[PDB]
Amino acid sequence: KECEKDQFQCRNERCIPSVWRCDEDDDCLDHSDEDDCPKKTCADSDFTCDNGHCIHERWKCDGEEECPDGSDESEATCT
Ligand SMILES: [Ca+2]
Ligand SMILES: [Ca+2]
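Residues numbered from 1 in each chain as written, not as in the entry; some residues may be left out. Chains lettered and ligands numbered in written order. Heavy atoms only, no water.

Method of structure determination, per the deposited record: X-ray crystallography was used for this entry, reaching 1.90 Å resolution.

See the structure below:
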């Protein structure tokens, strides 16, 4: 059995909307839609821009705005 490309397949093989994957409610009844869910946020090793965009730490404060809000280059950010 294989679900639509817009679906998550539970271990019991129920299909759910993929939008229900990792939404912190067990829709599968086997909890499989909520297993091994990615970290909600950036890598701790990445710089998190103010707006939440993730960039690699190396590009923090190096003259070019890799953050869309430019917070990797802000006065505040670089001390
Ligand atoms: Ca869910
Ligand atoms: Ca930069």
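Visitor: I tried to follow the UniProt feature "disulfide bond" in the chain on my own but got confused; where do I start?
Guide: You can see the UniProt disulfide between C22 and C37 is made here, since their sulfurs are only 2.0 Å apart, below 2.5 Å. Of this pair, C22 sits in the loop between β2 (15-17) and β3 (46-48) while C37 sits in the loop between β2 and β3, and the two are 15 residues apart along the sequence. According to the relative accessible area criterion, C22 is buried, its value standing at 18%. UniProt pairs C49 with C67 in a disulfide, and the coordinates agree: the sulfur atoms lie 2.0 Å from each other. Taken together, the residues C49 in the loop between β3 and β4 (54-56) and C67 in the segment after β4 connect sequence positions 18 residues apart. On the basis of relative accessible area, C49 is assigned to the buried category, the value being 2%. (Disulfide = S-S within 2.5 Å. UniProt positions renumbered as here; feature names shortened; annotations may be inferred. Helix = DSSP H or I, 4+ residues; strand = E, 2+ residues; numbered from the N terminus. Buried < 20%, exposed > 50% of the residue type's maximum accessible area, 1.4 Å probe, protein only.)

Visitor: Would you explain the coordination of the calcium ion (ligand 2) in this entry?
Guide: By definition of the ideal shapes, a tetrahedral metal site with four donors has angles of 109.5 degrees and an octahedral site with six donors has angles of 90 or 180 degrees. Those donors, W59 (O), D62 (OD), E64 (O), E66 (OE), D72 (OD) and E73 (OE), are the protein atoms that reach the calcium ion (ligand 2), and they lie 2.0 to 2.7 Å from it. One can describe the site at the calcium ion (ligand 2) as octahedral: its 6 donor atoms subtend angles covering 81 to 174 degrees at the metal. One chain supplies every donor to the calcium ion (ligand 2), and in sequence these donors are spaced W-x2-D-x1-E-x1-E-x5-D-E. Residue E66 is classed as partly exposed on the basis of its relative accessible area of 28%. Exposure remark for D72: the relative accessible area of 0% places this residue in the buried category. (Donors = N, O, S within 2.8 Å, 3.2 Å for Na, K, Ca; no water. Tetrahedral: all angles 85-135°; square planar, octahedral: opposite > 155°, others 65-115°.)

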